[PDB]
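All remarks here apply to the structure that follows.
In what follows, every chain begins at residue 1, and chains take the letters A, B, ... in the order their sequences are listed. Only this structure's heavy atoms are used, side chains among them; waters, hydrogens and symmetry mates stay out. Both ligands and their constituent atoms are indexed starting at 1 by order of listing.
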12 protein chains.
Amino acid sequence: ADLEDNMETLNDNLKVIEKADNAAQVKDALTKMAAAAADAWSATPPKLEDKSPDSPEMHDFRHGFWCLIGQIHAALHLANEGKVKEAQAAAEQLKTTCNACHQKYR
Amino acid sequence: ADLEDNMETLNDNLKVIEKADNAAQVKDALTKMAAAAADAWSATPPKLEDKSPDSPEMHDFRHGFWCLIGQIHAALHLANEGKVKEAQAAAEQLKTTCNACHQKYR
Amino acid sequence: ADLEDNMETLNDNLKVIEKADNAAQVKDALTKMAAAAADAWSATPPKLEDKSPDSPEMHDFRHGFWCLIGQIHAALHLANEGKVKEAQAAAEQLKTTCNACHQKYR
Amino acid sequence: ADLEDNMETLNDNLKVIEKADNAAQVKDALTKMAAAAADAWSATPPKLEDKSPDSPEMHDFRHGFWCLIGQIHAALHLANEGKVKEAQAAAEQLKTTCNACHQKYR
Amino acid sequence: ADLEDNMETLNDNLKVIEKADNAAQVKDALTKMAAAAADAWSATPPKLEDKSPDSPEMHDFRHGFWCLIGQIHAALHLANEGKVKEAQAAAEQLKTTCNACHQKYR
Amino acid sequence: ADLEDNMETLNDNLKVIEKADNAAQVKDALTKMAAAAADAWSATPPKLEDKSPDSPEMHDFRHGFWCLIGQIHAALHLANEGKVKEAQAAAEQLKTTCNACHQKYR
Amino acid sequence: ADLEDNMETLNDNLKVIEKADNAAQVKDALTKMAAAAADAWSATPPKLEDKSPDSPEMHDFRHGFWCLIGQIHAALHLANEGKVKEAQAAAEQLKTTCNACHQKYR
Amino acid sequence: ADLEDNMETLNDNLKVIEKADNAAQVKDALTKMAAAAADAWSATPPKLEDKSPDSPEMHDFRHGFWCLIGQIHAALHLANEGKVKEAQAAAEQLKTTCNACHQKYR
Amino acid sequence: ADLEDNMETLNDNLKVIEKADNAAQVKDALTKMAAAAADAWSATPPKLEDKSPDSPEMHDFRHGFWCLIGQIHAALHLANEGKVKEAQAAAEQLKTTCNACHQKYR
Amino acid sequence: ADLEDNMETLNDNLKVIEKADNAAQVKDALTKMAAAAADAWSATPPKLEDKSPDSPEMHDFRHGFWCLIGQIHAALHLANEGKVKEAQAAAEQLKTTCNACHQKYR
Amino acid sequence: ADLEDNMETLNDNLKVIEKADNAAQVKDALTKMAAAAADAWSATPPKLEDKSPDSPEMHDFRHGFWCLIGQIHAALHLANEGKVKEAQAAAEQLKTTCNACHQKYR
Amino acid sequence: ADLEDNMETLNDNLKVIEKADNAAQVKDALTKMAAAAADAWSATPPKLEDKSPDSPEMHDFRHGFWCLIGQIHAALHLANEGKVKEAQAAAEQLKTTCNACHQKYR
Ligand code: HEM
Ligand code: HEM
Ligand code: HEM
Ligand code: HEM
Ligand code: HEM
Ligand code: HEM
Ligand code: HEM
Ligand code: HEM
Ligand code: HEM
Ligand code: HEM
Ligand code: HEM
Ligand code: HEM
Ligand SMILES: [Zn+2]
Ligand SMILES: [Zn+2]
Ligand SMILES: [Zn+2]
Ligand SMILES: [Zn+2]
Ligand SMILES: [Zn+2]
Ligand SMILES: [Zn+2]
Ligand SMILES: [Zn+2]
Ligand SMILES: [Zn+2]
Ligand SMILES: [Zn+2]
Ligand SMILES: [Zn+2]
Ligand SMILES: [Zn+2]
Ligand SMILES: [Zn+2]
Ligand SMILES: [Zn+2]
Ligand SMILES: [Zn+2]
Ligand SMILES: [Zn+2]
Ligand SMILES: [Zn+2]
Ligand SMILES: [Zn+2]
Ligand SMILES: [Zn+2]
Ligand SMILES: [Zn+2]
Ligand SMILES: [Zn+2]
Ligand SMILES: [Zn+2]
Ligand SMILES: [Zn+2]
Ligand SMILES: [Zn+2]
Ligand SMILES: [Zn+2]
Ligand SMILES: [Zn+2]
Ligand SMILES: [Zn+2]
Ligand SMILES: [Zn+2]
Ligand SMILES: [Zn+2]
Ligand SMILES: [Zn+2]
Ligand SMILES: [Zn+2]
Ligand SMILES: [Zn+2]
Ligand SMILES: [Zn+2]
Ligand SMILES: [Zn+2]
Ligand SMILES: [Zn+2]
Ligand SMILES: [Zn+2]
Ligand SMILES: [Zn+2]
């Protein structure tokens, strides 16, 4: 999938978690998010197509996905323990990271 | 995934198919559509909530999904054979199936 | 398994569902129902032996089982989400299909 | 495989079953036939490209494959149980369905 | 599955073996029985909750299942070798063990 | 893993069970216990090093592990059915098995 | 495999172990011994045919094999750790079980 | 396994096939023989260590195994088809190849 | 499959290759050819029945199939690289082997 | 597993390596450590429950596990080469990292 | 494999991509590179054998492989979309990273 | 992988074998050699491009690879048995096979 598609996936599954009333539904959504973010991690966005792999921007872009994957895994861990509310709140904290990266690079 | 979720997967992948520049992306999209449709197959839409599983409406709902799965498997056959423009055209024609069910039941 | 055997599987596992107090028990019983139903789909019931595979009675018989597999997956979806009383509710609805087919063909 | 290819699989394995003198030969041949019919179900024959996918013709065409698959599974079931002559006799009855569909859409 | 459920599996498959006319039917039925007995071995019957897990009663109760499993494997071994009447005769001898345990702890 | 190692796994997981707030943690713990006990089953404790594999002491050592595996499979059945308090209570009662072997052979 | 066949497997592989100069050879021979022993466990030896499956002779026979599988795993544990002379040593000890059972029942 | 070991597998399973009274016994025995011959093909017998790997002797030696494997597959094919007496007769013809090679290089 | 069946597989799939316009179709047909050829390798053709498995005619027959499997893999290698016209070219070359063997033995 | 449990796992397996006399035992222990550290990597310790995912502390916490995983993989690599002493010394170097993180965050 | 070998692998597959005329060949080569780099990531080169795991050099060494793996995954993504030229150009950009690390540490 | 590529794999792994200090490295190397040789088996070298697949030269080319695969499987047998010096010596003797084909066809 390409970057735009990984984002759609990230976005839609954020909304699935927000409306979810059960752990499995949260778990499924976080699994999809984890896969979408790992794919995206190696992507180069349009605004950075002229930048070299070792630029500060790239670094920063790759760091933001590694940060996102960390958090998804943490919420996924809570989801697996049946802790819906806590998983949802962890998901909600994720938005901070989506937005920070969007400000710089979207 | 619920009915809305499956519908979102179907529509999202339709767009991926439409903008694709290669077979793998098309095959991937249709593979996800097949999965979503197979799941949606056994669902009850809001407007048929009061109907019996053995009703004309529910027979009709379920046959729409069987029809769609059929057309997706056909399109997937083409993507697999690397036939992008053709898989794309088959996707466009599936939309008649999407629309027909919607008109009756959305 | 023969027709009688499959019926005995559908019937026991439906009792299992009826008295379960947990998702795993419902998940597992519904899975055994799907296989029994998928087997029975191809059978020829005593009362319809004098009949051709293209008769309206055999279309009816065969399609009784599609509708059953439909409702089984619906209930399995709810079971997978930990929703015991809702999977039980949806398992209750299967009986309308069991009853309709028995009325005409048992 | 295209329609023609599945048909060759179908015909070719019908003959294998006719000359077969052991259960295994019949099992494999009926297993190849099942997969060829399954794939074939999603196809559109030349005589029906002009037709809409909802049309009476397409419904009747695809029903023809699910009825063949039904009979194939029954035959297979018999062969799993080692009953070679009975699987062969049920394979002969399959010809009805072959010829019915050929008479209409071939 | 609880104790009662395994027993239903045990009894239900005993009957299948009695009316069976082919090796495969016997194989599967004896395979289901093995798994039901295996699961059953760890259970505590109502008549023995008062008892300590080391007690003579529990030892004799659990030994009853390993002896049944033994006979089940012997029967199965015969069925793998296609000897249908001999598997059926060994299945009849199983009744000894069924009734011995029922006489003491059921 | 050696005997000490297996014993450490058993004790550690006992504590995890005791402090758990969810089924997945309990199921996981017992799954590890089952593995450790299955391994320890075939070991020779320090104080029986001079005894024969066919001795009353070694019969007795090995039957303790068979008994424990039995109780763990029972408890695991409960954790699987999401029954936390009950799986916890079954775990506490296993301790009688731990103690009895220890008194004789540690 | 029948009783004679399984015995021939136990005997050859024990020679293999005896003359191996490497873990892999011992690992592999012990694995083949476990399966042969797991098969033989359900057999009825010529000398105990006139006997009921619940006799003390058949409890004895059956339990001869539990003890064998026990000692086999002990030696497999050492083999898995690359400890050739220690796995060979532990394989030497199996013979006490072979000998005891042969004394009473061969 | 060394050459001697494969030979023991070969010989040992030849006898199993001679006394076999069911297809399964023959299948497994011929399957073990195939793997033993396959492994054996790469070995160098004592009588030929002095020889170059291109020599007439090594070519003829290794050809002897591919010819045995050929006959083994033919026998196996017959056994898969349940024809027990015919598999046994083809196994008897295998002796030709056994003895031809033994006469030259054993 | 018997010799006739395998030949029918080689022949149909070679036509499939000849008229494919895509790698997947060629990949899949060549895979079915390898299995048919691997089966036929052990057969005995009518004309060589009066012959011993060590005759020059049977060495010739058997080695016809090694050479075929050789050329099949060559073409599968090109197919796997998406090279349709080159896999087709290499599939054309197989026929020299088909022809040579038919000249001497069909 | 939660953080406290991953640590127990880390700790116990450190002691297994220290007393290990064979590569397999070291390998098993490092595999368990690798899994415990990857789980822990996404955890938030008690002392940092008020800190945001992008705090310097979190960063630092995640960096310490990535450093630990690096080292475990390096020792695991040595263990796989049969280099016990070297693996043990690599394990011992690990303690530097455990302790550094404990000073700040435990 | 050790560091020197991972490098050979990296080097050879760089040359395979440079001469490749098809996506599969590129894909295969990048898969081999990805695996070689992940192995290498945990290695310690000769020039840094005296340095502690947390030295700036080690950090820097591990960062260079993580950067390389990122890029390989990006080229692998393009290769999977059938984009040969683009994959090759991404591979060529990789050399910047190989060389930078070689200047410091080789 | 093409012929050159396979040859590079063969030579590279030969060197790994020659400099190895442990079994796992040797086993790994030979495993890669086996794969490369199995692939090269079905290739046509530059200097035989104008020859038929049924030519003495192509028979001869292919038999060289069968011979090499044979010797590699023998050497691999030794590495598996942890026999480093011996696997090394078997590798050195394979070089005669490499050279003989080269002299004729490189
Ligand atoms: C779960 C968190 C995230 C969500 C919900 C999210 C959502 C989205 C959405 C809806 C879009 C618009 C896609 C489109 O239709 O074109 C987008 C685009 C984008 N996002 Fe994210 N995003 C997330 C995380 C991130 C992160 C962590 C980064 C960088 C580290 C990032 C970088 C970008 C970029 C560069 C685009 C523009 C892509 C293009 O123009 O091709 N996103 N995101
Ligand atoms: C590729 C074909 C299809 C596409 C792209 C598609 C797309 C959509 C979309 C975008 C929605 C909006 C739902 C929401 O998020 O609120 C929707 C809803 C819906 N669709 Fe589809 N659909 C397709 C096929 C079908 C078929 C075949 C059926 C009937 C058998 C169907 C039945 C419905 C129904 C009943 C709703 C209402 C959902 C609700 O309000 O809960 N769709 N669809
Ligand atoms: C989940 C729903 C169902 C349940 C619980 C159920 C249960 C049963 C039971 C307990 C029997 C008696 C078995 C015996 O002969 O000893 C039976 C018989 C039978 N059922 Fe069902 N059934 C179900 C669905 C169906 C459906 C959907 C059909 C038709 C499409 C059907 C057709 C029949 C027929 C033809 C028999 C008599 C066969 C004979 O004489 O052996 N059943 N069923
Ligand atoms: C097992 C039973 C069947 C057999 C043995 C069989 C056999 C065949 C054969 C030998 C052909 C000629 C293929 C060729 O032109 O190379 C064919 C074509 C065809 N068959 Fe069947 N068939 C069977 C079942 C069916 C069924 C059930 C249907 C419809 C539901 C069907 C529809 C067709 C169609 C539409 C063609 C024409 C394809 C074309 O012209 O491209 N067949 N079949
Ligand atoms: C294959 C032989 C066996 C058969 C056919 C069989 C069958 C049955 C049946 C039909 C029931 C009534 C279940 C119900 O109340 O719904 C039952 C209950 C029971 N059986 Fe068996 N059984 C067998 C072997 C055994 C063995 C070997 C033991 C003990 C070692 C055993 C112990 C029990 C117990 C304790 C109950 C009572 C469970 C309860 O009341 O909840 N059974 N069995
Ligand atoms: C869940 C139940 C059990 C728990 C929690 C448990 C726990 C322990 C613990 C913490 C140790 C200390 C060993 C050390 O690290 O030095 C130990 C040792 C030991 N346990 Fe257990 N155990 C259990 C079950 C059993 C059973 C069923 C047996 C006998 C069949 C057994 C036999 C022994 C023996 C012989 C030792 C001495 C080990 C040595 O000194 O080498 N344990 N156990
Ligand atoms: C690893 C240990 C064992 C070895 C090496 C071994 C070996 C053998 C051998 C070589 C034979 C002669 C086979 C023939 O009839 O041609 C034999 C027979 C026999 N063994 Fe074992 N055995 C072992 C364990 C056991 C055990 C544990 C038992 C009982 C629990 C047992 C019971 C028997 C019986 C009953 C026979 C005679 C069966 C007949 O007449 O066909 N063996 N054994
Ligand atoms: C299925 C047919 C065969 C049977 C039943 C068979 C059986 C045997 C037996 C029982 C031995 C004595 C093993 C020992 O010393 O412990 C042996 C040794 C041997 N066999 Fe075979 N064999 C067969 C096929 C072959 C073939 C086809 C070849 C050559 C192509 C061959 C070559 C040898 C060699 C070279 C030895 C001597 C090994 C040594 O001394 O270390 N055998 N075989
Ligand atoms: C890919 C290449 C090949 C193709 C396309 C092919 C095709 C065929 C066909 C269509 C038949 C007639 C089937 C029938 O009896 O109804 C046949 C027969 C036969 N072929 Fe092949 N073949 C091939 C390779 C070979 C090879 C390599 C050999 C020998 C090494 C061989 C030996 C035979 C024999 C002996 C028969 C007659 C068997 C009988 O009477 O039933 N074929 N072949
Ligand atoms: C192999 C290296 C390590 C070992 C052997 C080890 C061992 C331990 C042990 C025994 C505990 C006490 C657990 C308890 O009973 O509550 C602990 C706790 C802890 N460790 Fe580690 N540890 C290691 C690595 C690390 C690393 C790398 C970090 C941070 C990057 C870390 C952070 C912590 C924290 C935050 C706690 C307190 C957890 C709590 O209170 O819930 N540890 N460790
Ligand atoms: C795809 C990119 C790379 C290529 C093509 C490549 C190629 C090579 C080659 C051919 C060698 C000589 C190996 C020998 O025969 O001894 C080598 C060595 C080396 N490379 Fe790389 N390399 C790459 C990436 C890297 C990276 C990213 C690093 C560090 C982050 C690195 C660090 C080293 C080191 C330290 C050595 C010396 C190893 C020793 O002496 O044992 N290389 N590389
Ligand atoms: C372990 C044994 C072998 C090794 C180490 C080896 C090594 C090599 C090497 C390093 C090359 C240089 C190719 C290049 O990159 O341009 C080569 C080429 C070649 N080898 Fe081998 N080889 C071995 C076995 C064989 C065998 C058994 C054959 C024949 C059946 C063979 C046939 C060839 C041919 C024909 C070439 C020329 C490739 C070309 O110019 O395209 N090799 N080999
Ligand atoms: Zn992607
Ligand atoms: Zn960087
Ligand atoms: Zn910038
Ligand atoms: Zn769903
Ligand atoms: Zn969307
Ligand atoms: Zn209906
Ligand atoms: Zn059935
Ligand atoms: Zn009909
Ligand atoms: Zn197809
Ligand atoms: Zn046509
Ligand atoms: Zn055909
Ligand atoms: Zn329709
Ligand atoms: Zn259960
Ligand atoms: Zn009750
Ligand atoms: Zn029942
Ligand atoms: Zn006890
Ligand atoms: Zn262990
Ligand atoms: Zn511990
Ligand atoms: Zn004993
Ligand atoms: Zn057996
Ligand atoms: Zn008893
Ligand atoms: Zn071997
Ligand atoms: Zn000797
Ligand atoms: Zn033997
Ligand atoms: Zn040669
Ligand atoms: Zn065949
Ligand atoms: Zn010959
Ligand atoms: Zn965890
Ligand atoms: Zn950060
Ligand atoms: Zn702080
Ligand atoms: Zn490595
Ligand atoms: Zn650091
Ligand atoms: Zn420095
Ligand atoms: Zn290749
Ligand atoms: Zn190289
Ligand atoms: Zn030739």
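Using a heavy-atom distance under 4.0 Å as the criterion, the protein contacts of ligand 1 are A:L3, A:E4, A:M7, A:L10, A:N11, A:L14, A:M33, A:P45, A:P46, A:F61, A:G64, A:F65, A:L68, A:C98, A:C101, A:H102, A:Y105, A:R106.
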Report task. Under the side chain to side chain contact (heavy atoms under 4.5 Å, CB included) rule, what do E:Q25 and C:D5 come out as? Steps first, then yes or no, please. Result -> CA-CA 11 Å; E:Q25 201 155 214; C:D5 304 333; 4.0 Å; yes
Requested in this report: Apply side chain to side chain contact (heavy atoms under 4.5 Å, CB included) to J:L68 and J:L10, showing your working.
Outcome: CA-CA 10 Å; J:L68 199 83; J:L10 256 19; 4.2 Å; yes
Query raised in the report: Would J:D54 and J:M58 satisfy side chain to side chain contact (heavy atoms under 4.5 Å, CB included), going step by step from the backbone distance to the final call?
Result: CA-CA 6 Å; J:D54 75 356; J:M58 273 335 272; over 6 Å; no
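Among residues at least two apart or in separate chains, side chain to side chain donor-acceptor pair (under 3.5 Å) pairs with a member in residues 59-79 of chain A are A:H59-K:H63, A:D60-A:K104, A:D60-A:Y105, A:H63-J:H59, A:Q71-A:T97, A:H77-J:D39.
Counting heavy atoms from C-beta on, the side chains of A:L14 and A:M33 come closer than 4.5 Å.
In summary, B:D2 and A:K19 engage in a salt bridge, as defined by a charged side-chain N under 4.0 Å from a carboxylate O. A salt bridge between B:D21 and K:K83 is present, with a side-chain N of the basic residue lying under 4.0 Å from a carboxylate O of the acidic one.
For the Zn ion (ligand 44), protein N, O or S atoms under 2.8 Å: 2 in total.
Atom CD of C:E49 has more than 12 neighbouring heavy atoms from other residues, nucleotides or ligands inside a 6.0 Å radius.
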Show which side-chain atoms of residues 89-96 of chain C pair as donor or acceptor with protein atoms under 3.5 Å away, not counting sequence neighbours.
| unit_1 | atom_1 | unit_2 | atom_2 | d |
| --- | --- | --- | --- | --- |
| C:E92 | OE1 | C:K95 | NZ | 2.5 |

